[PDB]
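# Examining the three-dimensional arrangement
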Amino acid sequence: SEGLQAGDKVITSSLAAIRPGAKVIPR
Amino acid sequence: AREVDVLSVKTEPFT
Amino acid sequence: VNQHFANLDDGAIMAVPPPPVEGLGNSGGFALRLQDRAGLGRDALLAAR
């Protein structure tokens, strides 16, 4: 309902292995 | 770096 | 296996060689229980963790 805007790139994988601000590789 | 699946958020009507 | 599933996207996969002696633990190495001999509470125990 809130906190998301159209076009936001949300990560839907490996959420257990990501910390805030860490660098990740999109697929 | 850990390769992750990224979903581009889109708005669609939903009732 | 650990190198293969190092980039698994749904959870965690860990390969541990079995403990040398059966019945002395679930894996080799050291086993430590972090107690709260005073009752600091669950949140405090996780903080110590």
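As annotated in the PDB entry, chain C is Efflux pump membrane transporter from Klebsiella pneumoniae. What the PDB entry is called, per its title line, is "Cryo-EM structure of TMexCD1-TOprJ1 in complex with 1-(1-naphthylmethyl)piperazine".

### So, the interface of chain A and chain B
In many reports, interface size means the accessible area that the parts give up when they come together. Listed per partner, the contact involves 18 residues of chain A and 10 residues of chain B. A buried area of about 1400 Å², summed over both sides, lies between chain A and chain B, and 59% of it is on carbon and sulfur atoms. The largest share of the area that chain A buries against chain B comes from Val10, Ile25 and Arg27 of chain A, three residues that together contribute 36% of it. The interface formed by chain A and chain B includes two salt bridges. Residue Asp5 of chain B is joined to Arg27 of chain A by a salt bridge in which the shortest nitrogen-to-oxygen separation is 3.0 Å. Run the count over chain A and chain B and you get 12 residue pairs in polar contact. Sorting the residues of the side of chain A that touches chain B by element identifies β1 (9–11) and β2 (24–26) of chain A as the ones contributing at least two each. Here the side of chain A that touches chain B is composed, by residue class, of nine nonpolar, five polar and four charged. Taken together, the three bridges between β1 of chain A and strand β2 (residues 6–8) of chain B define a ladder with antiparallel strand orientation.

Rules of the game
- Residues numbered from 1 in each chain as written, not as in the entry; some residues may be left out.
- Chains lettered and ligands numbered in written order.
- Part of a larger assembly, values for the part shown.
- Heavy atoms only, no water.
- Contact = heavy atoms within 4.5 Å.
- Buried area = accessible area lost by both parts, 1.4 Å probe.
- Salt bridge = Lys/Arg side-chain N within 4 Å of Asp/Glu carboxyl O.
- Polar contact = N/O pair within 3.5 Å; in protein donor to acceptor, adjacent residues only side chain to side chain.
- Helix = DSSP H or I, 4+ residues; strand = E, 2+ residues; numbered from the N terminus.
- Nonpolar A, V, L, I, M, F, W, Y, C, P; charged D, E, K, R; others polar.
- Pairing = 2+ DSSP bridges.

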